[PDB]
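Chain by chain, the residues:
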Amino acid sequence: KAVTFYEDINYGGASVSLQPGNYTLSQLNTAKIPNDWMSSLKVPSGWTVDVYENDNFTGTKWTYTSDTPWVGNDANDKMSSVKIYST
Amino acid sequence: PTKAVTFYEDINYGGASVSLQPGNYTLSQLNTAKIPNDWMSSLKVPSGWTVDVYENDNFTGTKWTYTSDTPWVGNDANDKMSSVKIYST
Ligand SMILES: [Ca+2]
Ligand SMILES: [Ca+2]
């Protein structure tokens with residue numbers, strides 16, 4: 001069980017998996033997730049992913065609780081920090 | 001208080017240990033309490049308590065959650081505690 005973030009729509013391009021936690025921009029970058037990059041993600045059923053527009057869990061928040069082949073044009077390429085919960 | 005979370009240097013509650021009350025402890029604060037970085041390998045948790053262990057300082061990076069006595073955190077979580085939140089409920 002992990003969250004996998006994808007570069008492109010429909011789980012395309014580069015992908016990186018992360019365990020529960022609170023990831024800043026620099027921490028995402030270390031994990032090989034660039035800024036303004038996430039377009040789709042897989043979420044284990046039961047889990048919650050809070051995707052933030054700005055670093056340090058600020059700016060607009062989008063919430064995902066299931067596999068999302070397309071985040072939509074509002075949330076697309078905006079993830080700069082993220083909180084992942086196994087609940 | 002006598003009830004506390006006890007963190008251990010080695011697997012199976014081995015080596016040096018440090019007990020902490022509920023709170024939110026950064027890296028420097030852990031160090032002050034005599035817990036070095038990347039050091040924790042096992043821990044004891046009072047019933048009803050929650051321990052959120054964080055890979056990085058300031059409660060960021062991967063988070064491992066413990067609600068019971070844990071003789072071994074696992075190789076992925078091993079020697080990676082850099083900050084921690086302890087809850088009494
Ligand atoms: Ca993209
Ligand atoms: Ca150790």
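Rules of the game
- Residues numbered from 1 in each chain as written, not as in the entry; some residues may be left out.
- Chains lettered and ligands numbered in written order.
- Heavy atoms only, no water.
- Donors = N, O, S within 2.8 Å, 3.2 Å for Na, K, Ca; no water.
- Helix = DSSP H or I, 4+ residues; strand = E, 2+ residues; numbered from the N terminus.
- Buried < 20%, exposed > 50% of the residue type's maximum accessible area, 1.4 Å probe, protein only.
- Contact = heavy atoms within 4.5 Å.
- Buried area = accessible area lost by both parts, 1.4 Å probe.
- Salt bridge = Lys/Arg side-chain N within 4 Å of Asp/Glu carboxyl O.
- Polar contact = N/O pair within 3.5 Å; in protein donor to acceptor, adjacent residues only side chain to side chain.
- Nonpolar A, V, L, I, M, F, W, Y, C, P; charged D, E, K, R; others polar.
- Pairing = 2+ DSSP bridges.

A. The arrangement of the coordination of the calcium ion (ligand 1) in detail. Residues and elements named next belong to chain A. Binding of the calcium ion (ligand 1) to the protein goes through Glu 7 (O), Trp 37 (O), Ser 39 (OG) and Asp 77 (OD), at separations of 2.3 to 2.5 Å. Sequence positions of the residues that donate to the calcium ion (ligand 1) give the spacing E-x29-W-x1-S-x37-D. Residue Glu 7 is located in strand β1 (residues 3-8), and its partner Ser 39 is located in the loop between α1 (25-30) and β4 (40-42); the two are separated by 32 residues in the primary sequence. Residue classification places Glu 7 among the partly exposed positions, given a relative accessible area of 31%. Take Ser 39: its relative accessible area is 5%, and that puts it in the buried class.

B. Highlighting the interface of chain A and chain B. At the interface, 10 residues of chain A touch seven residues of chain B. In this assembly, chain A packs against chain B so that about 570 Å² is buried in total across both faces, 46% of it on carbon and sulfur atoms. Applying the counting criterion to the chain A and chain B interface returns zero salt bridges. Taken together, the links from chain A to chain B amount to six residue pairs in polar contact. For the side of chain A that touches chain B, the secondary structure elements donating two or more residues are β3 (21-23) and β7 (81-85) of chain A. Among the elements that line the side of chain A that touches chain B, the one with the most residues is β3 of chain A, at three residues. A class-by-class count of the residues in the side of chain A that touches chain B yields five nonpolar, five polar and no charged. Bridge analysis of β3 of chain A against strand β6 (residues 60-66) of chain B gives two bridges, and the strand direction is antiparallel. Looking at β6 of chain B, one finds that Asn 22 of chain A is bridged to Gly 61 of chain B.

C. Summary view of the coordination of the calcium ion (ligand 2). The protein atoms donating to the calcium ion (ligand 2) are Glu 9 of chain B (O), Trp 39 of chain B (O), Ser 41 of chain B (OG) and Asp 79 of chain B (OD), with metal-donor distances spanning 2.3 to 2.5 Å. A relative accessible area of 31% places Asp 79 of chain B in the partly exposed class.

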